[PDB]
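# Breakdown of the fold
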Amino acid sequence: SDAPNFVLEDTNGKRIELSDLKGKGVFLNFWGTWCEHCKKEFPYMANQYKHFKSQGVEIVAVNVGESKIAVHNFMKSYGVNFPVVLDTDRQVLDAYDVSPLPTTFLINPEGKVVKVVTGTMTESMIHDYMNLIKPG
């Protein structure tokens, strides 16, 4: 099933479009700075990103509409090294029908959603999930 396309700004100004990431696996994450999951899991994502980025797995972590300053503070506290985008009007959040937070969509290189993860993730789970969507 196809991942609704979108264009948002990363936390540096850079226009990120989802369909431009075709050819790579996308670990797509919707998150808020108040979520217990994300405080635990963000350091794991950062540590697994060190290994997977050069294999063709990209992270897009869509913050659900909070201020740039809350976002920046969270990124700094939790060692974030990956792409964060700011869904400022909440309209990507809607296109994706996101209910619990966080939710992770695992998008393969063709642009299709192969899993929706709504539960807690261990660092091992995250490793496995990135192996599922990598080109190799």
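What counts and how
- Residues numbered from 1 in each chain as written, not as in the entry; some residues may be left out.
- Heavy atoms only, no water.
- Helix = DSSP H or I, 4+ residues; strand = E, 2+ residues; numbered from the N terminus.
- Contact = heavy atoms within 4.5 Å.
- Pairing = 2+ DSSP bridges.
- Axes fitted to C-alpha atoms, helices over the stretch in contact; angles between N-to-C directions.

Its PDB record attributes the structure to X-ray crystallography, giving the resolution as 2.50 Å.

As a further point, take the side chain of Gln 48. Relative to the elements of secondary structure, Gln 48 occurs in helix α1 (residues 36-52). Not counting residues up to four positions away in its chain, the partners in contact with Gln 48 are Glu 123, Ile 126, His 127 and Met 130.

As a further point, take the sheet that holds strand β4 (residues 57-63). Here we have 5 strands laid out as an open sheet, ordered β5-β4-β3-β6-β7, and mixed in their pairing. This sheet does not close on itself; its edge strands, each paired only once, are β5 (84-86) and β7 (113-117). Strand-to-strand twist across the sheet, computed as the mean angle between neighbouring axes with direction ignored, equals 20°. Examined bridge by bridge, strand β6 (residues 103-107) and β7 share 4 bridges and lie antiparallel to one another. Bridge pairing in β7 places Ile 107 opposite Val 113. Docked against the sheet, helix α2 (residues 68-77) engages β3 (25-31), β4 and β5, running at close to 165° with respect to β5. The strands touched by helix α4 (residues 123-133) within the sheet are β3, β4, β6 and β7, with β3 carrying the most contacts at an inclination of about 135°.

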